[PDB]
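**Q** Structure: model17.cif, mmCIF, C-alpha atoms.
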data_structure
loop_
_atom_site.group_PDB
_atom_site.id
_atom_site.type_symbol
_atom_site.label_atom_id
_atom_site.label_comp_id
_atom_site.auth_asym_id
_atom_site.auth_seq_id
_atom_site.Cartn_x
_atom_site.Cartn_y
_atom_site.Cartn_z
ATOM 1 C CA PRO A 1 -19.694 -8.596 22.562
ATOM 2 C CA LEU A 2 -18.324 -6.876 25.666
ATOM 3 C CA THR A 3 -14.716 -5.713 25.367
ATOM 4 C CA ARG A 4 -12.846 -2.664 26.659
ATOM 5 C CA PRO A 5 -9.161 -3.135 27.583
ATOM 6 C CA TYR A 6 -6.729 -0.458 28.758
ATOM 7 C CA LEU A 7 -4.561 1.836 26.636
ATOM 8 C CA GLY A 8 -1.015 0.512 26.425
ATOM 9 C CA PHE A 9 0.307 2.657 23.587
ATOM 10 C CA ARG A 10 1.421 6.253 23.046
ATOM 11 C CA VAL A 11 -0.618 9.071 21.505
ATOM 12 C CA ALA A 12 0.914 12.280 20.161
ATOM 13 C CA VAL A 13 -1.154 15.073 18.613
ATOM 14 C CA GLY A 14 0.492 17.136 15.892
ATOM 15 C CA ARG A 15 0.461 18.065 12.211
ATOM 16 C CA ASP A 16 1.578 16.208 9.085
ATOM 17 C CA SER A 17 3.005 17.405 5.769
ATOM 18 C CA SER A 18 -0.587 17.917 4.629
ATOM 19 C CA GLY A 19 -2.084 19.318 7.819
ATOM 20 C CA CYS A 20 -5.335 17.627 8.810
ATOM 21 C CA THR A 21 -4.892 17.204 12.563
ATOM 22 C CA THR A 22 -4.111 13.506 12.987
ATOM 23 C CA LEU A 23 -2.721 11.476 15.887
ATOM 24 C CA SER A 24 -0.004 8.843 15.497
ATOM 25 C CA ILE A 25 0.743 5.797 17.647
ATOM 26 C CA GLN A 26 4.373 5.308 18.674
ATOM 27 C CA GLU A 27 3.615 1.908 20.202
ATOM 28 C CA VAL A 28 1.884 -1.411 19.530
ATOM 29 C CA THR A 29 -1.559 -1.896 21.070
ATOM 30 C CA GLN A 30 -2.723 -4.478 18.533
ATOM 31 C CA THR A 31 -1.331 -7.354 20.597
ATOM 32 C CA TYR A 32 -4.018 -7.955 23.220
ATOM 33 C CA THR A 33 -7.780 -8.297 23.661
ATOM 34 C CA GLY A 34 -10.570 -9.789 25.749
ATOM 35 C CA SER A 35 -14.111 -11.159 25.710
ATOM 36 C CA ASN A 36 -15.460 -13.175 22.780
ATOM 37 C CA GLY A 37 -11.884 -14.288 22.180
ATOM 38 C CA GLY A 38 -9.282 -12.665 24.396
ATOM 39 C CA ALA A 39 -6.642 -14.194 22.138
ATOM 40 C CA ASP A 40 -3.922 -11.624 22.817
ATOM 41 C CA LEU A 41 -0.838 -12.782 20.915
ATOM 42 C CA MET A 42 -0.139 -10.308 18.112
ATOM 43 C CA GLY A 43 -2.572 -10.421 15.205
ATOM 44 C CA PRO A 44 -4.308 -7.217 14.060
ATOM 45 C CA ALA A 45 -0.966 -5.448 14.477
ATOM 46 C CA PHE A 46 1.100 -6.935 11.652
ATOM 47 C CA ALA A 47 -1.967 -8.162 9.768
ATOM 48 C CA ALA A 48 -3.259 -4.592 9.561
ATOM 49 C CA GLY A 49 0.233 -3.153 9.233
ATOM 50 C CA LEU A 50 -0.220 -1.088 12.387
ATOM 51 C CA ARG A 51 3.232 -0.324 13.790
ATOM 52 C CA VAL A 52 5.086 2.305 15.821
ATOM 53 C CA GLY A 53 5.122 5.658 14.053
ATOM 54 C CA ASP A 54 1.894 4.961 12.181
ATOM 55 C CA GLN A 55 -1.096 7.302 11.976
ATOM 56 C CA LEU A 56 -4.343 5.699 13.142
ATOM 57 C CA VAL A 57 -7.442 7.894 12.925
ATOM 58 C CA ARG A 58 -10.108 5.364 11.949
ATOM 59 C CA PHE A 59 -12.119 8.375 10.778
ATOM 60 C CA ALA A 60 -12.392 9.933 7.319
ATOM 61 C CA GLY A 61 -10.585 13.249 6.978
ATOM 62 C CA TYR A 62 -7.417 12.075 8.709
ATOM 63 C CA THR A 63 -8.277 12.941 12.311
ATOM 64 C CA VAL A 64 -9.355 11.352 15.594
ATOM 65 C CA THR A 65 -10.467 12.386 19.080
ATOM 66 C CA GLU A 66 -8.187 10.387 21.375
ATOM 67 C CA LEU A 67 -7.072 6.893 22.385
ATOM 68 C CA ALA A 68 -10.427 6.348 24.090
ATOM 69 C CA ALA A 69 -12.150 6.475 20.701
ATOM 70 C CA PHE A 70 -9.685 4.050 19.115
ATOM 71 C CA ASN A 71 -10.010 1.694 22.084
ATOM 72 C CA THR A 72 -13.808 1.773 21.881
ATOM 73 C CA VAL A 73 -13.969 1.127 18.137
ATOM 74 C CA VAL A 74 -11.363 -1.639 18.299
ATOM 75 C CA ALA A 75 -12.986 -3.168 21.379
ATOM 76 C CA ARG A 76 -16.525 -2.897 20.013
ATOM 77 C CA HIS A 77 -15.417 -5.296 17.274
ATOM 78 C CA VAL A 78 -14.022 -8.573 18.610
ATOM 79 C CA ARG A 79 -14.874 -10.920 15.742
ATOM 80 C CA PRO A 80 -12.638 -13.817 14.621
ATOM 81 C CA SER A 81 -12.064 -11.894 11.389
ATOM 82 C CA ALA A 82 -13.904 -8.567 11.332
ATOM 83 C CA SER A 83 -12.985 -6.235 8.470
ATOM 84 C CA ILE A 84 -13.356 -2.561 9.378
ATOM 85 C CA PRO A 85 -12.338 0.348 7.110
ATOM 86 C CA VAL A 86 -9.635 2.422 8.801
ATOM 87 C CA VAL A 87 -7.854 5.489 7.427
ATOM 88 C CA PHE A 88 -4.076 5.585 7.849
ATOM 89 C CA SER A 89 -1.467 8.229 7.029
ATOM 90 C CA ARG A 90 2.313 8.178 6.615
ATOM 91 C CA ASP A 91 3.496 11.666 7.568
ATOM 92 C CA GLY A 92 1.025 13.468 5.326
ATOM 93 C CA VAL A 93 0.599 10.524 2.966
ATOM 94 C CA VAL A 94 -2.943 9.438 2.109
ATOM 95 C CA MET A 95 -3.627 5.701 1.944
ATOM 96 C CA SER A 96 -6.406 3.275 2.873
ATOM 97 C CA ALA A 97 -5.871 0.053 4.822
ATOM 98 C CA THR A 98 -8.248 -2.618 6.119
ATOM 99 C CA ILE A 99 -7.682 -3.899 9.654
ATOM 100 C CA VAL A 100 -8.450 -7.581 10.219
ATOM 101 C CA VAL A 101 -8.862 -8.324 13.926
ATOM 102 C CA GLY A 102 -9.150 -12.049 14.566
ATOM 103 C CA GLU A 103 -9.883 -12.959 18.178
ATOM 104 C CA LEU A 104 -10.108 -16.439 19.695
ATOM 105 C CA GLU A 105 -7.335 -19.030 19.435
#
Using structure tokens, write down the structure from this file.

**A**
Amino acid sequence: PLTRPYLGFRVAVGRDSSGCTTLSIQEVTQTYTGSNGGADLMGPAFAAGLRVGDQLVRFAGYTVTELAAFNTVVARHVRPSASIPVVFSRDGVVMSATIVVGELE
């Protein structure tokens, strides 16, 4: 596929109760897409549990580069139901969650 939208969320770099350098999203970007679907109507947001104040690293160890990396990984996969392993944290908490991004209508 060929997807690569623009960043419409917020990214804040800091430290959690554990301390593993992880960024958290204070917005909702999982509500739009393009190419091989371009559904855009809220899907991978609630389905994956991704909400404001959630830590999205998508990389083992609880850490991520920037929004560009998250946008590339999320864009790279535009399947009607692709299951990609993503690591999430809740203020130092360690938990695993699977994001199901379903494009198309």

**Q** Closest to residue 70 of chain A among A:57, A:39, A:28, A:82, using all atoms listed in the file?

**A**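 Closest residue, counting all atoms listed in the file: A:57.
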
**Q** Taking into account all atoms listed in the file, which residue in the set A:14, A:61, A:38, A:49 is nearest to residue 91 of chain A?

**A**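 Smallest separation from residue 91 of chain A among the options: A:14.
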
**Q** Do you know which residues are at most 8 Å from residue 13 of chain A counting only C-alpha atoms, after dropping those on the same chain fewer than 2 positions away, and could you put them as a list in words?

**A**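 Answer for this query is residues 11, 15, 21, 22, 23 and 24 of chain A.
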
**Q** Assuming the chain letters and numbering stay as they are in my file, what does the PyMOL selection byres ((chain A and resi 31) around 12) actually select? List them as a PyMOL selection string.

**A** chain A and resi 5-9+27-30+32-34+38-48+50-51+74+101-103

**Q** Give me the residues within 8 Å of residue 4 of chain A as a PyMOL selection string, counting all atoms listed in the file and dropping any in the same chain fewer than 5 places off.

**A** chain A and resi 34+71-72+75-76

**Q** Can you work out which one of A:25, A:100, A:12, A:56 has the shortest atom-to-atom distance to residue 78 of chain A, counting only C-alpha atoms?

**A**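 Among A:25, A:100, A:12, A:56, it is A:100 that comes nearest to residue 78 of chain A.
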
**Q** My list of candidates is A:77, A:35, A:68, A:26. Which is closest to residue 53 of chain A when distances are computed with all atoms listed in the file?

**A**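 Comparing A:77, A:35, A:68, A:26 against residue 53 of chain A, the winner is A:26.
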
**Q** Which one is closest to residue 85 of chain A: A:20, A:2, A:97, A:52? Count only C-alpha atoms.

**A**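 Among the listed residues, A:97 lies closest to residue 85 of chain A.
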
**Q** In Å, rounded to a single decimal, give me how far atom CA of residue 58 of chain A is from atom CA of residue 92 of chain A.

**A**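 Interatomic distance, atom CA of residue 92 of chain A to atom CA of residue 58 of chain A: 15.3 Å.
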
**Q** Could you please determine the separation between atom CA of residue 19 of chain A and atom CA of residue 83 of chain A in Å, to one decimal place?

**A**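 Going from atom CA of residue 19 of chain A over to atom CA of residue 83 of chain A, I get 27.8 Å.
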
**Q** Under the rule that only C-alpha atoms are counted, which of A:17, A:89, A:95, A:36 is the nearest residue to residue 3 of chain A?

**A** A:36
